[PDB]
Amino acid sequence: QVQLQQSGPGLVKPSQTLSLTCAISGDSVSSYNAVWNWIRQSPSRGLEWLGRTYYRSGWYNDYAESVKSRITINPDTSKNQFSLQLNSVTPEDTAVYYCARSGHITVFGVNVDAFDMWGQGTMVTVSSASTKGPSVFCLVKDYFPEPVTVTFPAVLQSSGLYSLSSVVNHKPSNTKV
Amino acid sequence: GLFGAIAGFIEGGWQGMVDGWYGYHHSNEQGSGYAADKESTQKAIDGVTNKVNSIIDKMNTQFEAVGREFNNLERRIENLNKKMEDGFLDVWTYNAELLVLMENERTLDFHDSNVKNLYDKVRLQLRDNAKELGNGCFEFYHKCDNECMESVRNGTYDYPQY
Amino acid sequence: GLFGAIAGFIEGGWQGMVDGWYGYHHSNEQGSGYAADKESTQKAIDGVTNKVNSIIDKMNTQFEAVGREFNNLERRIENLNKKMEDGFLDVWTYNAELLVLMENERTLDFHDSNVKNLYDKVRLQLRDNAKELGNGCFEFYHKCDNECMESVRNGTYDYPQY
Amino acid sequence: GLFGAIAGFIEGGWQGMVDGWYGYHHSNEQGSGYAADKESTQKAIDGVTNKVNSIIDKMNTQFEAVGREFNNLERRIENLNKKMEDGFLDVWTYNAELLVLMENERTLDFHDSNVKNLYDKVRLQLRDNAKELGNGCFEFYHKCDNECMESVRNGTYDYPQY
Amino acid sequence: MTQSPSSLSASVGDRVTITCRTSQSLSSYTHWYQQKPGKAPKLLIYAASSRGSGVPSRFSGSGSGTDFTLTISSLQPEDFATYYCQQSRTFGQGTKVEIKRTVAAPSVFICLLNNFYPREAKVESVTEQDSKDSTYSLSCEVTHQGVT
Amino acid sequence: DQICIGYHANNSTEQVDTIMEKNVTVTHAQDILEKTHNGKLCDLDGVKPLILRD
Ligand SMILES: *[C@H]1O[C@H](CO)[C@@H](O[C@@H]2O[C@H](CO)[C@@H](O)[C@H](O)[C@H]2NC(C)=O)[C@H](O)[C@H]1NC(C)=O
Ligand SMILES: *[C@H]1O[C@H](CO)[C@@H](O[C@@H]2O[C@H](CO)[C@@H](O)[C@H](O)[C@H]2NC(C)=O)[C@H](O)[C@H]1NC(C)=O
Ligand SMILES: *[C@@H]1O[C@H](CO)[C@@H](O)[C@H](O)[C@H]1NC(C)=O
Ligand SMILES: *[C@H]1O[C@H](CO)[C@@H](O)[C@H](O)[C@H]1NC(C)=O
């Protein structure tokens, strides 16, 4: 079995660079029967393919038109991984980022872009807020980042801080109420 | 090949086009890349799939040998039985091997044809708005940006516009 | 099709051309109409006719079963007889069905070829005295009256004259 | 033929080209003559040679009849034996005759294809530095001396130079 | 790529069909994925009708021209998911399959709408469907098929 | 600025035969002949055979 293990920070300041890594085991980044992709998902935009890299007697990259000017996807044949770099991020780049293998399954040796294995996802938030513990009134107001455990999903307010209700533990701020 | 495209005026294939069997490579001021012509490709996949299943299925009804034994004074009919069973095996072996050879030749030529037709499809759109270089490529007289390139792949290349 | 003309760069056939399998449609100041290219047509009729007769005739010598009966203690040879007769029927059924499939494919491609060659025949006469529109049609730079049109169908189109 | 060259836009063959199956005829101020395209020719020889050997060799394993005799009260199995041996002969006679017919057609078309591809090879080099006359010939705009002619046969015709 | 319906409720054992209308019809490029909440998609079907590795036999796909369908012959509780179709690098918007009960009116408190069905209500966020009773809750005048 | 037409290649070494040419390397191929067996006498669809032995 192939496993894809993602890593990289889930917080990026606006205008700066998002940097993720996918570490492959059970296959080679340079395999002729693999294509290595990044895909993101957001509640608004749905599922969006971003780009890929693959080796066929030399390295190739293709990128989505929407991100082409900001994106780089590089293989590392020393560590059997590949990276995603996305420059000049804005709030619209907030999403769950997945790596995925395609072209493992082919119709007559033609990559059909059917993704057969995916990484676990990295949730990335574009934000400047910094660490803030909640006020509890239960209504759990004005904290950052996620998550709090106590229950409704959190909503991101126009202040850039989260709130939820439970009908309170915030480990990022070392707070318990 | 019969149609002159594959390993002909198009000297070699592309390792870099992974997503289809036939397609386009574009090159302009914005950049360059490969794009598969999916429709031509899917046409090819349907034909080859049908072929294989047609081959497999035609060989479905075929001679099945049964064991029959004969005593020491039944040598004539024993020989008959053997010649009969071997005869049918050789016939079906011939049919299978020849069908594979004949249809392999036609499959390779089919691909060659699909490439030639894709090349002509584009030639017939562009007409005299580009230089036919003679190697599979067309050099434009006007600038052709990514939307311009896409309209070539579309079938939508607006000739009067240029 | 392999040759790219039929249901290719020539999008569809013509209900209005009744008199032949392939031909011309002309359009000028005097009017318009269809005219069959008989020679290309008669060539096609001779080929297809010969093919059908070749098929029919090749299947002329073929296995004919005869009735043979056997008693209760002749089961082995009865089985042999049955397997023998069924075996040949399956062989000849395969031969017939496969020949029809293979030659049907070649017949459809043959027509496609004849159209492509007719188109090229005209292209090679006109050269740069007309615009190749990319849909089977040629738009003339000069006026081409009915005698001019006929000379295209002739093979007599005087290129230096225009 | 399927490809439109032999006895098509190239009206007839050349008695004067003795040294190969396909080639060139040149005509300039220094003189004129025939030259065979050996590569295209040797390609053809390899294909046809392989075909003949493939045919011969496929018919290598085939039914061999043996003499078997039967008394006056063994008429049923005698008939069986005869029908069996005749049955296989007819099957192999069909296979042989049909294979020869089918592959003869493909051999003639193969030559036609090789000529068409050779013509296109030259066309794709010359591009708009010559007039495509429509009969197999290209009339140059510039003077083309014997070295110029040779570069066409080479694949080396330097287009930007003219 | 346009998927229909955008959501549905069906009981365990029900036959479920979801459709994707694609821009242009290619059988080989089309694929289906099933995604359970907070997990990556899993490849379900590839090339219109081939079952992915480890995918059970109740799932099948069909394709005709530009119309592609995923069929679950007998829905199981574990098939609660969002299903996506895909061609080349383009995905449909997804279809949510929930596991449908009788209509239930919200209990309203101040604003909380508790244990109601269907999901559609007018007063925010909503809990995912409850695994025991199939209801939703939402966090004041309330309109619902089943008050201030 | 230009556009070019071309076709697929890959690292495949699969070969097929044709009438006119043998050992043609192709990008993809499909074997249709089973060459192997397990070398044993087995139950047929669960129903054991009668093995007379000596
Ligand atoms: C093929 O591509 C051409 C060019 O990209 C398409 O035409 C454009 O379509 C987009 C999106 O529908 C429009 O917003 C543009 O205004 C069009 N521009 C031009 C220059 O044509 C065409 O719709 C596509 N055809 C397909 C996919 O069949
Ligand atoms: C082919 O066409 C040309 C042009 O239509 C024919 O030449 C004309 O023939 C008609 C009828 O014989 C005469 O009335 C005209 O005076 C001719 N005009 C010209 C300009 O040629 C020619 O006879 C035809 N040849 C064929 C069918 O072999
Ligand atoms: C084809 O390949 C086989 C095995 O790879 C080799 O033994 C044989 O010599 C080759 N045949 C021909 C006709 O070149
Ligand atoms: C072919 O001919 C030209 C002109 O005669 C010569 O310069 C060149 O070296 C030759 N090239 C070949 C045989 O490839």
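Go through the residues of the range B:143-154 one by one and say whether even a single one is more than 16 Å from ligand 2 (Cβ to nearest atom) and either more than 14 Å from residue B:26 (Cβ to Cβ) or within 14 Å of chain D (Cβ to nearest Cβ) (or both).
no
Please work out if residue E:53 is touching a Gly at 6+ places or on another chain (Cβ under 9 Å) and not in a strand (DSSP E or B).
So residue E:53 does not fit the description; no.
Kindly list the number of the only condition in (1) crowded, with 16+ Cβ neighbours inside 10 Å; (2) farther than 30 Å from residue B:93 by Cβ; (3) away from chain B (no Cβ under 12 Å) that fails for residue C:50.
(1)
Please specify each residue of the range A:2-34 satisfying the condition of being in contact with a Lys or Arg (Cβ under 8 Å, 6 or more places away or on another chain) and either assigned to a loop (DSSP other than H, G, I, E, B) or under 15 Å from residue A:127 (Cβ atoms) (or both).
If the condition is that a residue be in contact with a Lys or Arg (Cβ under 8 Å, 6 or more places away or on another chain) and either assigned to a loop (DSSP other than H, G, I, E, B) or under 15 Å from residue A:127 (Cβ atoms) (or both), then A:2, A:27, A:32, A:34 are the ones that fit.
Is there a residue being surrounded by 19 or more Cβ atoms within 10 Å (Cβ to Cβ) and under 21 Å from residue C:100 (Cα atoms) anywhere in the range D:65-87?
No; the residues of the range D:65-87 include none that is surrounded by 19 or more Cβ atoms within 10 Å (Cβ to Cβ) and under 21 Å from residue C:100 (Cα atoms).
Determine whether residue B:24 is in contact with a helix residue (DSSP H, G or I) (Cβ under 9 Å, 6 or more places away or on another chain), within 11 Å of chain F (Cβ to nearest Cβ) and either among the basic types (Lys, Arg) or closer than 30 Å to residue A:30 by Cα (or both).
Against the criterion (in contact with a helix residue (DSSP H, G or I) (Cβ under 9 Å, 6 or more places away or on another chain), within 11 Å of chain F (Cβ to nearest Cβ) and either among the basic types (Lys, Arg) or closer than 30 Å to residue A:30 by Cα (or both)), residue B:24 qualifies.
Assuming residue A:57 fulfils every condition listed in (1) more than 14 Å from chain F (Cβ to nearest Cβ); (2) assigned to a loop (DSSP other than H, G, I, E, B) apart from one, which condition is it?
Going through the list (1) more than 14 Å from chain F (Cβ to nearest Cβ); (2) assigned to a loop (DSSP other than H, G, I, E, B), residue A:57 breaks only (1).
Under 22 Å from residue A:37 (Cβ atoms) and not polar (S, T, N, Q): which single residue out of E:63, E:52 fits that description?
None of the other options fit; the residue is E:52.
Quick check on residue D:149: is it under 23 Å from residue B:3 (Cβ atoms), more than 16 Å from ligand 3 (Cβ to nearest atom) and hydrophobic (A, V, I, L, M, F, W, C)?
Judged against the criteria, residue D:149 is not a match.
So which residues in the range D:70-91 are within 8 Å of another protein chain (Cβ to nearest Cβ) and of a type outside the set (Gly, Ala, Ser), if there are any at all?
D:70, D:76, D:77, D:79, D:80, D:81, D:83, D:84, D:88, D:90, D:91
What number of residues within the range C:130-142 satisfy the criterion of being more than 30 Å from the chain's Cα centre (by Cα) and within 16 Å of ligand 2 (Cβ to nearest atom)?
Counting residues in the range C:130-142 that are more than 30 Å from the chain's Cα centre (by Cα) and within 16 Å of ligand 2 (Cβ to nearest atom) gives 1.
From the list B:98, B:108, B:89, exactly one residue is touching a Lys or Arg at 6+ places or on another chain (Cβ under 7 Å) and assigned to a helix (DSSP H, G or I). Which is it?
After ruling out the rest, the residue left standing is B:98.
For the range E:25-43, does any single residue satisfy the condition of being more than 16 Å from ligand 1 (Cβ to nearest atom), within 22 Å of residue B:19 (Cα to Cα), in contact with a helix residue (DSSP H, G or I) (Cβ under 9 Å, 6 or more places away or on another chain) and within 14 Å of another protein chain (Cβ to nearest Cβ)?
Checked against the condition, which is being more than 16 Å from ligand 1 (Cβ to nearest atom), within 22 Å of residue B:19 (Cα to Cα), in contact with a helix residue (DSSP H, G or I) (Cβ under 9 Å, 6 or more places away or on another chain) and within 14 Å of another protein chain (Cβ to nearest Cβ), the range E:25-43 yields at least one hit.
Of all residues in the range B:138-156, which are within 15 Å of residue F:1 (Cα to Cα) and not in a helix (DSSP H, G or I)?
Answer for the range B:138-156, where residues must be within 15 Å of residue F:1 (Cα to Cα) and not in a helix (DSSP H, G or I): B:138, B:139, B:140, B:141, B:142, B:143, B:144, B:145.
Taking the range D:53-69, which residues are part of a helix (DSSP H, G or I), of a type in the set (A, V, I, L, M, F, W, C) and either touching a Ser or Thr at 6+ places or on another chain (Cβ under 9 Å) or more than 10 Å from chain F (Cβ to nearest Cβ) (or both)?
Scanning the range D:53-69 gives a single hit, D:56.
Taking the conditions exactly as written (farther than 26 Å from residue C:2 by Cα and either polar (S, T, N, Q) or touching a strand residue (DSSP E or B) at 6+ places or on another chain (Cβ under 7 Å) (or both)), does residue B:53 satisfy them or not?
It is false that residue B:53 is farther than 26 Å from residue C:2 by Cα and either polar (S, T, N, Q) or touching a strand residue (DSSP E or B) at 6+ places or on another chain (Cβ under 7 Å) (or both).
Return the total of residues in the range D:29-47 being within 12 Å of the chain's Cα centre (by Cα) and either surrounded by fewer than 16 Cβ atoms within 10 Å (Cβ to Cβ) or within 14 Å of chain F (Cβ to nearest Cβ) (or both). Steps first, answer last, please.
Residues of the range D:29-47 within 12 Å of the chain's Cα centre (by Cα): D:40-47.
Imposing the further condition that a residue be either surrounded by fewer than 16 Cβ atoms within 10 Å (Cβ to Cβ) or within 14 Å of chain F (Cβ to nearest Cβ) (or both) reduces the set to D:42-47.
Number satisfying all stated conditions: 6.
Just so you know, all these numbers are worked out from the coordinates, no wet-lab data involved. For neighbour counting, all protein chains shown are included, and Cβ atoms are generated from backbone atoms with ideal geometry for every residue, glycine included.
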